[PDB]
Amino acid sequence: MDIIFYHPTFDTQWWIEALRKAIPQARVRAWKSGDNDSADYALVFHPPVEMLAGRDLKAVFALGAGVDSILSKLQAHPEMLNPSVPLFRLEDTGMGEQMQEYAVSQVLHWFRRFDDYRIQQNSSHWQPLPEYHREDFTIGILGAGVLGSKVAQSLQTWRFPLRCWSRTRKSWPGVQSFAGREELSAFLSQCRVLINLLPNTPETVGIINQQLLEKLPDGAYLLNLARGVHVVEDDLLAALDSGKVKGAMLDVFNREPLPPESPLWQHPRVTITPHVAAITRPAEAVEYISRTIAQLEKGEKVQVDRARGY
């Protein structure tokens, strides 16, 4: 088989050599402009139109968990990927654990009031504070997918009450499952901590706005791990300033890098990470891609729903 690989910043030769070892019958090459030679599979991140247009590929593997970029490119350029070509994304491949690390650390940070103790330390002021209790710290996960379920699983270990929101009902024994826009208000009413693990789709853009935030309990916390477009940043800032939201830790933003003029940078209740919550682990991605191609070849169960948008 023939595999073409494109990624704008990764160690390309590293990936080619790992793919060749994992798929020893494959001829793997880096795609450059002008390469119209035959290919069976394409591995891509932010590919240019010309790399895929007209190609009757057996599959395309997008090298990320999110697919809002490629799907929006395919809508602007319908000629880019034939409907006959299945599109795959990276499910977990190590990003599950990374989301768990981030969420557990920061949920515990807030639960143990390390944010309040830091404020007090800034004034060299010693004062034990009342303990918080699990019953008042229900954690709601917006998005109940590959990453949402991993984050829910790790927080259940700590015995926090847990609820999740998605389009379809979930069956996780200790997690209350809310589904659809018609159940979102009830979902939000109890979320002391709100963790966002939704995909970017037309249906979820701007969903964390003033009406959503007002339905949370007072003194809530927001952990945005998903996409910046999900949050109306001026609405979040107003809820932080009014005390509705006690703290927000944000990995993603409407414009990235976050412009220095944004009030989020210097706001005392905001913590910023520069879109680093979960990165693809190359060796796990190669194992997942190699395994998927083998299953495709054998006609076994294994994918992105372009109509659905994620």
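So that there is no doubt, residue numbering starts at 1 and follows the sequence shown.
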Size class of the missing deposited segment between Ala294 and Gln295: none
Of 48-56 and 246-254, the stretch whose C-alpha atoms average the higher B-factor in the entry: 48-56
Given 234-242 and 95-103, the range whose Cα B-factors average higher in the PDB entry: 234-242
Among modelled residues of the same chain, the CA temperature factor third for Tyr41: lowest
B-factor third for the C-alpha atom of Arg118 within its chain: lowest
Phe61 by Cα B-factor - lowest, middle or highest third of the modelled chain: lowest
Third of the chain's Cα B-factor distribution that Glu183 belongs to, per the entry: middle
CA B-factor ranking of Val270, expressed as a third of its chain: lowest
